[PDB]
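Below is work10.cif, holding mmCIF, C-alpha atoms and all ligand atoms.
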```
data_query
loop_
_atom_site.label_atom_id
_atom_site.label_comp_id
_atom_site.auth_asym_id
_atom_site.auth_seq_id
_atom_site.Cartn_x
_atom_site.Cartn_y
_atom_site.Cartn_z
CA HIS A 4 0.00 0.00 0.00
CA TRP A 5 0.87 3.66 -0.20
CA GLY A 6 3.14 5.47 2.23
CA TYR A 7 5.85 8.10 2.41
CA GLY A 8 9.01 6.09 1.72
CA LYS A 9 11.19 6.03 -1.37
CA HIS A 10 9.28 3.11 -2.87
CA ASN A 11 5.66 3.97 -2.02
CA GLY A 12 5.69 7.72 -1.42
CA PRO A 13 4.22 10.78 -3.13
CA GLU A 14 6.09 10.28 -6.42
CA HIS A 15 4.54 6.80 -6.79
CA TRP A 16 0.94 7.53 -5.79
CA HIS A 17 -0.23 8.47 -9.29
CA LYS A 18 0.11 4.85 -10.46
CA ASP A 19 -2.81 3.78 -8.26
CA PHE A 20 -4.46 7.20 -7.82
CA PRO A 21 -4.21 8.96 -11.20
CA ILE A 22 -5.95 12.06 -9.81
CA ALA A 23 -2.57 12.72 -8.17
CA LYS A 24 -1.80 14.65 -11.39
CA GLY A 25 -5.17 16.38 -11.40
CA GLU A 26 -6.23 20.00 -11.70
CA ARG A 27 -6.86 20.85 -8.02
CA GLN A 28 -4.34 18.88 -5.97
CA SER A 29 -3.06 19.81 -2.52
CA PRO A 30 -0.94 20.97 -0.84
CA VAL A 31 0.30 24.06 -2.68
CA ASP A 32 2.81 26.80 -2.06
CA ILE A 33 1.05 29.93 -0.82
CA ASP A 34 2.60 32.93 -2.56
CA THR A 35 1.70 35.63 -0.06
CA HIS A 36 2.25 38.46 -2.55
CA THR A 37 -0.03 37.01 -5.24
CA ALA A 38 -2.77 36.03 -2.76
CA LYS A 39 -5.54 38.63 -2.95
CA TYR A 40 -7.87 39.95 -0.25
CA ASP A 41 -11.40 38.74 -1.00
CA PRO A 42 -14.23 41.00 0.26
CA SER A 43 -16.82 38.31 -0.55
CA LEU A 44 -15.53 36.13 2.30
CA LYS A 45 -17.85 36.14 5.31
CA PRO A 46 -16.54 36.00 8.89
CA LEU A 47 -15.08 32.59 9.73
CA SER A 48 -16.76 30.78 12.62
CA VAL A 49 -14.96 27.96 14.43
CA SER A 50 -17.51 26.62 16.93
CA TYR A 51 -15.84 23.84 18.94
CA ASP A 52 -17.26 24.43 22.45
CA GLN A 53 -19.37 21.24 22.35
CA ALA A 54 -16.79 19.01 20.67
CA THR A 55 -16.79 15.37 21.79
CA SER A 56 -13.47 13.66 21.18
CA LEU A 57 -13.58 9.87 21.34
CA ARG A 58 -10.40 8.05 20.43
CA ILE A 59 -6.87 8.42 19.07
CA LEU A 60 -5.66 5.97 16.40
CA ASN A 61 -2.28 5.26 14.76
CA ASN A 62 -3.37 4.42 11.21
CA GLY A 63 0.14 3.72 9.88
CA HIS A 64 0.39 7.13 8.18
CA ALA A 65 -0.28 9.56 11.07
CA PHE A 66 -2.46 9.55 14.17
CA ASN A 67 -6.09 10.66 14.07
CA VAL A 68 -7.99 12.17 16.99
CA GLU A 69 -11.59 11.23 16.22
CA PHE A 70 -14.76 13.09 17.16
CA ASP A 71 -18.44 12.30 17.48
CA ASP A 72 -19.91 13.69 14.26
CA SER A 73 -23.47 12.39 14.80
CA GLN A 74 -24.67 15.94 15.58
CA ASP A 75 -23.44 19.51 15.01
CA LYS A 76 -21.29 19.41 18.15
CA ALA A 77 -18.19 20.94 16.53
CA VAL A 78 -18.66 22.87 13.31
CA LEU A 79 -16.91 25.24 10.94
CA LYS A 80 -18.97 27.85 9.07
CA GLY A 81 -18.50 31.15 7.31
CA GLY A 82 -15.46 32.34 5.44
CA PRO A 83 -15.59 30.77 1.99
CA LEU A 84 -18.02 28.08 3.14
CA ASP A 85 -21.65 27.63 2.13
CA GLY A 86 -23.44 25.95 5.03
CA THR A 87 -22.20 23.87 7.96
CA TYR A 88 -19.19 21.56 8.12
CA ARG A 89 -18.85 19.07 10.97
CA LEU A 90 -15.53 18.11 12.58
CA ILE A 91 -14.72 14.41 12.14
CA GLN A 92 -11.00 14.17 13.03
CA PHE A 93 -7.70 15.97 13.27
CA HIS A 94 -4.19 14.78 12.50
CA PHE A 95 -0.74 16.20 11.79
CA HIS A 96 2.05 15.95 9.24
CA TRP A 97 5.63 16.41 10.44
CA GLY A 98 9.28 16.04 9.56
CA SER A 99 12.39 14.18 10.64
CA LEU A 100 13.95 17.60 11.43
CA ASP A 101 12.45 20.96 12.37
CA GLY A 102 13.23 22.44 8.91
CA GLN A 103 10.58 20.35 7.15
CA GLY A 104 7.24 18.72 7.84
CA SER A 105 4.48 21.00 6.64
CA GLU A 106 2.49 20.24 3.50
CA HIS A 107 1.54 23.76 2.57
CA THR A 108 4.44 26.19 2.32
CA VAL A 109 4.42 29.98 2.67
CA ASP A 110 6.59 31.72 0.07
CA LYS A 111 8.31 28.32 -0.19
CA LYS A 112 9.07 28.21 3.56
CA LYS A 113 8.46 24.82 5.19
CA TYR A 114 7.25 24.66 8.79
CA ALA A 115 8.10 21.87 11.26
CA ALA A 116 4.58 20.42 11.09
CA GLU A 117 1.01 21.08 10.02
CA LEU A 118 -2.27 20.35 11.84
CA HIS A 119 -5.36 19.45 9.78
CA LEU A 120 -8.84 19.65 11.29
CA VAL A 121 -11.08 17.75 8.85
CA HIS A 122 -14.76 18.65 8.43
CA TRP A 123 -17.54 17.38 6.15
CA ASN A 124 -20.46 19.29 4.64
CA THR A 125 -23.61 18.29 6.47
CA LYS A 127 -25.78 18.74 3.39
CA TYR A 128 -24.36 15.40 2.18
CA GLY A 129 -25.26 13.42 5.31
CA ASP A 130 -22.06 11.36 5.75
CA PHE A 131 -18.34 11.74 5.14
CA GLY A 132 -18.50 9.03 2.47
CA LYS A 133 -21.06 10.90 0.40
CA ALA A 134 -19.28 14.19 1.04
CA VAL A 135 -16.13 12.86 -0.68
CA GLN A 136 -18.18 12.41 -3.86
CA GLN A 137 -18.84 16.18 -3.98
CA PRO A 138 -16.70 19.14 -5.08
CA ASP A 139 -17.59 21.00 -1.86
CA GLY A 140 -17.73 17.96 0.39
CA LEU A 141 -14.93 18.80 2.85
CA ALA A 142 -13.32 21.75 4.59
CA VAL A 143 -9.88 21.34 6.15
CA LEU A 144 -8.58 23.94 8.58
CA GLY A 145 -4.79 23.88 8.38
CA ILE A 146 -2.49 25.30 11.07
CA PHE A 147 1.29 25.52 10.86
CA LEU A 148 3.54 24.47 13.75
CA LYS A 149 6.89 26.11 14.47
CA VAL A 150 9.27 25.05 17.23
CA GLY A 151 9.65 27.42 20.16
CA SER A 152 7.60 27.58 23.34
CA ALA A 153 5.43 24.61 24.30
CA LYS A 154 1.76 24.52 23.33
CA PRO A 155 -0.10 23.57 26.54
CA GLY A 156 -3.19 22.36 24.66
CA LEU A 157 -1.07 19.87 22.71
CA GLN A 158 0.46 18.13 25.72
CA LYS A 159 -2.42 15.69 26.30
CA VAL A 160 -1.93 14.48 22.72
CA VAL A 161 1.83 14.12 23.17
CA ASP A 162 1.48 12.14 26.37
CA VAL A 163 -0.84 9.48 24.93
CA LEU A 164 1.41 8.72 21.94
CA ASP A 165 3.41 6.10 23.87
CA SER A 166 0.21 4.01 24.01
CA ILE A 167 -0.37 4.07 20.23
CA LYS A 168 3.21 3.60 19.04
CA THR A 169 2.46 1.20 16.19
CA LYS A 170 0.03 0.92 13.30
CA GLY A 171 -3.42 -0.26 14.33
CA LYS A 172 -3.20 0.76 17.99
CA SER A 173 -5.84 3.07 19.47
CA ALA A 174 -6.66 4.54 22.87
CA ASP A 175 -9.55 6.33 24.52
CA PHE A 176 -9.19 10.06 24.02
CA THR A 177 -12.32 11.60 25.51
CA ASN A 178 -12.71 15.13 26.84
CA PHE A 179 -10.04 16.72 24.64
CA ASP A 180 -10.70 20.34 23.67
CA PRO A 181 -9.36 21.14 20.16
CA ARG A 182 -9.71 24.87 20.83
CA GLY A 183 -6.38 24.67 22.64
CA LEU A 184 -4.63 23.94 19.32
CA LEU A 185 -5.58 27.23 17.63
CA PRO A 186 -3.47 30.39 17.33
CA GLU A 187 -4.82 33.76 18.45
CA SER A 188 -5.68 35.07 14.97
CA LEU A 189 -8.06 33.52 12.47
CA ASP A 190 -6.57 35.36 9.48
CA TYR A 191 -6.39 32.80 6.67
CA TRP A 192 -5.77 31.93 3.05
CA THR A 193 -8.26 29.76 1.14
CA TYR A 194 -8.31 27.85 -2.13
CA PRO A 195 -10.01 24.75 -3.64
CA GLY A 196 -7.97 21.55 -3.42
CA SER A 197 -7.83 17.91 -2.49
CA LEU A 198 -7.02 15.38 0.16
CA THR A 199 -3.22 15.32 0.55
CA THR A 200 -3.32 11.54 1.12
CA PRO A 201 -4.57 8.80 -1.20
CA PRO A 202 -7.22 8.69 -2.56
CA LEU A 203 -6.37 12.38 -3.22
CA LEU A 204 -10.01 13.26 -3.89
CA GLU A 205 -10.69 16.79 -5.10
CA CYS A 206 -13.36 17.65 -2.53
CA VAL A 207 -11.67 20.12 -0.16
CA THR A 208 -12.04 23.80 0.55
CA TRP A 209 -8.71 24.55 2.23
CA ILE A 210 -8.58 27.21 4.95
CA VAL A 211 -4.95 27.72 6.05
CA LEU A 212 -4.34 30.00 9.01
CA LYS A 213 -1.61 32.61 8.62
CA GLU A 214 -0.46 32.56 12.26
CA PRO A 215 1.50 29.43 13.24
CA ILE A 216 1.25 27.88 16.65
CA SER A 217 4.44 27.31 18.62
CA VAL A 218 5.18 23.87 20.04
CA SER A 219 8.28 22.83 21.94
CA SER A 220 11.09 20.71 20.56
CA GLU A 221 10.19 18.07 23.15
CA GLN A 222 6.60 17.93 21.88
CA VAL A 223 7.53 17.38 18.23
CA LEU A 224 10.29 14.94 19.22
CA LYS A 225 7.56 12.74 20.68
CA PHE A 226 5.67 12.76 17.36
CA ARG A 227 8.87 11.39 15.81
CA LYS A 228 8.93 8.37 18.17
CA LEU A 229 5.77 6.95 16.61
CA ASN A 230 6.10 4.07 14.16
CA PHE A 231 4.72 3.52 10.67
CA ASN A 232 5.04 -0.25 11.22
CA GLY A 233 2.86 -2.59 13.22
CA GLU A 234 3.68 -4.21 16.54
CA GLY A 235 6.41 -6.83 16.31
CA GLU A 236 7.75 -5.55 12.97
CA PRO A 237 11.07 -3.76 12.35
CA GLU A 238 10.92 -0.16 13.49
CA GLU A 239 10.30 2.52 10.87
CA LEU A 240 9.98 5.88 12.58
CA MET A 241 6.87 7.85 11.60
CA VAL A 242 8.58 10.96 10.20
CA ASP A 243 8.31 12.95 6.97
CA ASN A 244 4.65 12.01 6.46
CA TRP A 245 4.03 15.04 4.24
CA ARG A 246 3.24 15.45 0.56
CA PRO A 247 5.19 18.24 -1.18
CA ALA A 248 3.53 21.19 -2.88
CA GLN A 249 1.68 20.45 -6.11
CA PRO A 250 1.05 22.64 -9.17
CA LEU A 251 -1.39 25.51 -8.59
CA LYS A 252 -2.76 25.25 -12.16
CA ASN A 253 -5.97 27.26 -12.74
CA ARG A 254 -6.45 28.45 -9.15
CA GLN A 255 -6.22 31.61 -7.05
CA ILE A 256 -5.50 31.81 -3.35
CA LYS A 257 -7.66 34.33 -1.54
CA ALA A 258 -6.82 36.09 1.71
CA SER A 259 -9.27 36.95 4.50
CA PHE A 260 -7.20 39.98 5.52
CA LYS A 261 -6.34 43.25 3.83
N1 LIG B 301 0.96 3.75 -6.05
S1 LIG B 301 1.21 3.38 -4.51
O1 LIG B 301 2.12 4.35 -3.98
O2 LIG B 301 -0.08 3.19 -3.91
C1 LIG B 301 2.05 1.81 -4.45
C2 LIG B 301 3.30 1.67 -5.04
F1 LIG B 301 3.84 2.68 -5.74
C3 LIG B 301 4.01 0.49 -4.96
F2 LIG B 301 5.21 0.42 -5.56
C4 LIG B 301 3.51 -0.60 -4.31
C5 LIG B 301 2.26 -0.49 -3.76
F3 LIG B 301 1.71 -1.56 -3.14
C6 LIG B 301 1.54 0.68 -3.83
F4 LIG B 301 0.29 0.69 -3.32
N1 LIG B 302 -4.42 15.58 4.86
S1 LIG B 302 -5.96 15.86 4.64
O1 LIG B 302 -6.43 16.75 5.67
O2 LIG B 302 -6.21 16.20 3.27
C1 LIG B 302 -6.86 14.36 4.95
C2 LIG B 302 -8.24 14.38 4.90
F1 LIG B 302 -8.90 15.52 4.64
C3 LIG B 302 -8.97 13.23 5.12
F2 LIG B 302 -10.31 13.31 5.08
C4 LIG B 302 -8.37 12.04 5.41
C5 LIG B 302 -7.00 12.02 5.49
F3 LIG B 302 -6.37 10.85 5.73
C6 LIG B 302 -6.25 13.15 5.28
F4 LIG B 302 -4.91 13.05 5.44
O1 LIG B 303 -11.80 40.00 -13.97
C1 LIG B 303 -11.36 40.55 -12.73
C2 LIG B 303 -11.36 39.50 -11.64
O2 LIG B 303 -10.34 38.54 -11.96
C3 LIG B 303 -10.35 37.40 -11.10
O3 LIG B 303 -9.36 36.52 -11.52
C4 LIG B 303 -10.10 37.83 -9.66
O4 LIG B 303 -10.29 36.71 -8.80
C5 LIG B 303 -11.07 38.93 -9.23
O5 LIG B 303 -10.75 39.40 -7.92
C6 LIG B 303 -11.09 40.06 -10.24
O6 LIG B 303 -12.10 41.00 -9.90
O1 LIG B 304 -8.47 14.57 26.86
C1 LIG B 304 -7.70 13.51 26.32
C2 LIG B 304 -7.12 12.64 27.41
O2 LIG B 304 -6.21 13.45 28.16
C3 LIG B 304 -5.48 12.71 29.13
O3 LIG B 304 -4.87 11.63 28.50
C4 LIG B 304 -6.45 12.17 30.17
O4 LIG B 304 -5.73 11.39 31.12
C5 LIG B 304 -7.52 11.32 29.49
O5 LIG B 304 -8.50 10.94 30.44
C6 LIG B 304 -8.17 12.07 28.34
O6 LIG B 304 -8.99 11.17 27.61
ZN ZN B 305 -3.59 16.06 6.52
#
```
Will you turn the file into structure tokens for me?
Amino acid sequence: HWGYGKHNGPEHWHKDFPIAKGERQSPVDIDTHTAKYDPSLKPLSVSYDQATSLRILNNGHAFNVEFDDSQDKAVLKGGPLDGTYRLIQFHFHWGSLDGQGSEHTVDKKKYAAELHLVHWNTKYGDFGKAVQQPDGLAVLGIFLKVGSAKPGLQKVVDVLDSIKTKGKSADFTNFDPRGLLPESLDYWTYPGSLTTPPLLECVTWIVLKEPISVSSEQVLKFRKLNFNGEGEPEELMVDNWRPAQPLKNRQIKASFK
């Protein structure tokens, strides 16, 4: 199956997922000078106060923190979005070293990691139907730089020892994703895709301009996870990012003047 290594990584994915060479693939480089303020954007609303986290899972590519999406408990609205998008999971992408790890880049600069909060459009009833639609998903992306610790990340870091290998999961109730946000909600937005196979072109990307700071110790614990399953030779879970893809016939819009 697909992965991030030399023999099954991003440069190979197109052989099983030909949309990898499609017209609205993600991530992209965000050219901050070409991005244009868009007055048609409405205020962005991140409404996570009633979020219900359930479980954390090592899926062999990253770890997902999963939420109850059976009701509008945690939703994203506004900005470029038409209607209500419900939070289903978050995960990260990160590097082997602090100088790489993000999927999106900003004027070609790579951050140490990138957080993705994944939401599906409730008009389509389930995530599976949403990923058959051009406006099925909204992903809120947040860059991570290394500096001071992020207190709201520490509960995630401390459970990782219990999900070291592919297929392991643990209870992860009562986690508040609001503690992962930066102060500002200034953002860039563009139409794109999943950054992982099957690379479906369903996503409205909303990428926050302000990075969060995490400590070196926090990201070092991400890098102790394993891509492999229990009892197999250790392959550290690092560099689980897709590089920037061609912008093609797209424009990146900014929420800020
Ligand atoms: N296209 S892919 O990245 O999904 C892939 C490969 F490139 C491969 F060489 C072997 C696989 F099993 C596989 F699934
Ligand atoms: N990176 S991503 O935010 O595009 C993403 C998704 F949106 C998704 F629904 C499932 C994934 F596995 C995934 F990595
Ligand atoms: O034709 C002019 C229009 O060109 C488009 O490509 C831009 O997105 C608009 O902001 C602009 O008003
Ligand atoms: O909030 C996520 C998790 O944080 C800590 O691990 C708590 O010990 C655990 O009870 C909780 O599920
Ligand atoms: Zn992602």
Could you list, as a compact mmCIF listing (two decimals) with C-alpha atoms, keeping the file's coordinate frame, all residues that come within 7 Å of ligand ZN 305 (chain B)? Count all atoms listed in the file.
```
# COMPACT_ATOMS: atom_id res chain seq x y z
CA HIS A 94 -4.19 14.78 12.50
CA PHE A 95 -0.74 16.20 11.79
CA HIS A 96 2.05 15.95 9.24
CA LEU A 118 -2.27 20.35 11.84
CA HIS A 119 -5.36 19.45 9.78
CA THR A 199 -3.22 15.32 0.55
```
Minimum-distance residue to ligand LIG 304 (chain B), chosen among A:54, A:121, A:206, A:23 (using only C-alpha atoms and all ligand atoms) =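 Of A:54, A:121, A:206, A:23, the one nearest ligand LIG 304 (chain B), counting only C-alpha atoms and all ligand atoms, is A:54.
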Compute the distance from (3.6, 0.6, 14.5) to each atom, counting all atoms listed in the file, keep the residues with any atom at most 10 Å away, and return them as a PDB file with C-alpha atoms, in the frame of the given file; use the coordinates of the file.
```pdb
ATOM      1  CA  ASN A  61      -2.280   5.260  14.760  1.00  0.00           C
ATOM      2  CA  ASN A  62      -3.370   4.420  11.210  1.00  0.00           C
ATOM      3  CA  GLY A  63       0.140   3.720   9.880  1.00  0.00           C
ATOM      4  CA  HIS A  64       0.390   7.130   8.180  1.00  0.00           C
ATOM      5  CA  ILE A 167      -0.370   4.070  20.230  1.00  0.00           C
ATOM      6  CA  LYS A 168       3.210   3.600  19.040  1.00  0.00           C
ATOM      7  CA  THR A 169       2.460   1.200  16.190  1.00  0.00           C
ATOM      8  CA  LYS A 170       0.030   0.920  13.300  1.00  0.00           C
ATOM      9  CA  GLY A 171      -3.420  -0.260  14.330  1.00  0.00           C
ATOM     10  CA  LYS A 172      -3.200   0.760  17.990  1.00  0.00           C
ATOM     11  CA  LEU A 229       5.770   6.950  16.610  1.00  0.00           C
ATOM     12  CA  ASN A 230       6.100   4.070  14.160  1.00  0.00           C
ATOM     13  CA  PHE A 231       4.720   3.520  10.670  1.00  0.00           C
ATOM     14  CA  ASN A 232       5.040  -0.250  11.220  1.00  0.00           C
ATOM     15  CA  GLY A 233       2.860  -2.590  13.220  1.00  0.00           C
ATOM     16  CA  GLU A 234       3.680  -4.210  16.540  1.00  0.00           C
ATOM     17  CA  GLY A 235       6.410  -6.830  16.310  1.00  0.00           C
ATOM     18  CA  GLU A 236       7.750  -5.550  12.970  1.00  0.00           C
ATOM     19  CA  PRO A 237      11.070  -3.760  12.350  1.00  0.00           C
ATOM     20  CA  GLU A 238      10.920  -0.160  13.490  1.00  0.00           C
ATOM     21  CA  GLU A 239      10.300   2.520  10.870  1.00  0.00           C
ATOM     22  CA  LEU A 240       9.980   5.880  12.580  1.00  0.00           C
ATOM     23  CA  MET A 241       6.870   7.850  11.600  1.00  0.00           C
TER      24      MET A 241
END
```
Would you write out, as CSV, a table of all residues in chain A that have an atom no more than 6 Å from an atom of ligand LIG 301 (chain B), listing for each the closest atom pair and the distance in Å to one decimal, considering all atoms listed in the file and ordering rows by chain and rising residue number?
```
residue,atom,partner,partner_atom,distance
A:4,CA,B:LIG301,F4,3.4
A:5,CA,B:LIG301,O2,3.9
A:10,CA,B:LIG301,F2,5.6
A:11,CA,B:LIG301,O1,4.1
A:12,CA,B:LIG301,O1,5.5
A:15,CA,B:LIG301,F1,4.3
A:16,CA,B:LIG301,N1,3.8
A:17,CA,B:LIG301,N1,5.8
A:18,CA,B:LIG301,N1,4.6
A:19,CA,B:LIG301,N1,4.4
```
Got a sec: who's within 9 Å of residue A:112, counting all atoms listed in the file, leaving out chain neighbours fewer than 2 positions off, as a PyMOL selection string?
-> chain A and resi 32+102-103+107-110+114
Might you pull out every residue within 10 Å of residue A:260, with only C-alpha atoms counted and same-chain residues fewer than 5 positions away left off, and present them as a PyMOL selection string?
-> chain A and resi 39-42+44+189-192+213
Distance of atom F3 of ligand LIG 302 (chain B) from atom CA of residue A:85, expressed in Å to one decimal place |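 Separation of atom CA of residue A:85 and atom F3 of ligand LIG 302 (chain B): 23.0 Å.
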Atom CA of residue A:181 to atom CA of residue A:82, distance in Å rounded to a single decimal |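 Atom-to-atom, atom CA of residue A:181 to atom CA of residue A:82, that is 19.5 Å.
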Go through A:35, A:87, A:28, A:137 one by one, measure the shortest atom-to-atom distance of each to residue A:259 using only C-alpha atoms, and give the residue with the smallest value.
->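 Of all the options, A:35 lies closest to residue A:259.
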A:120, A:160, A:91, A:150 ranked by distance to ligand LIG 304 (chain B), top pick (using all atoms listed in the file) |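 Of all the options, A:160 lies closest to ligand LIG 304 (chain B).
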Using all atoms listed in the file, which of the listed residues (A:205, A:243, A:165, A:187) sits closest to ligand LIG 304 (chain B)?
->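 For ligand LIG 304 (chain B), the nearest of the given residues is A:165.
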Distance atom CA of residue A:80-atom CA of residue A:212, one decimal place?
->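 Interatomic distance here is 14.8 Å.
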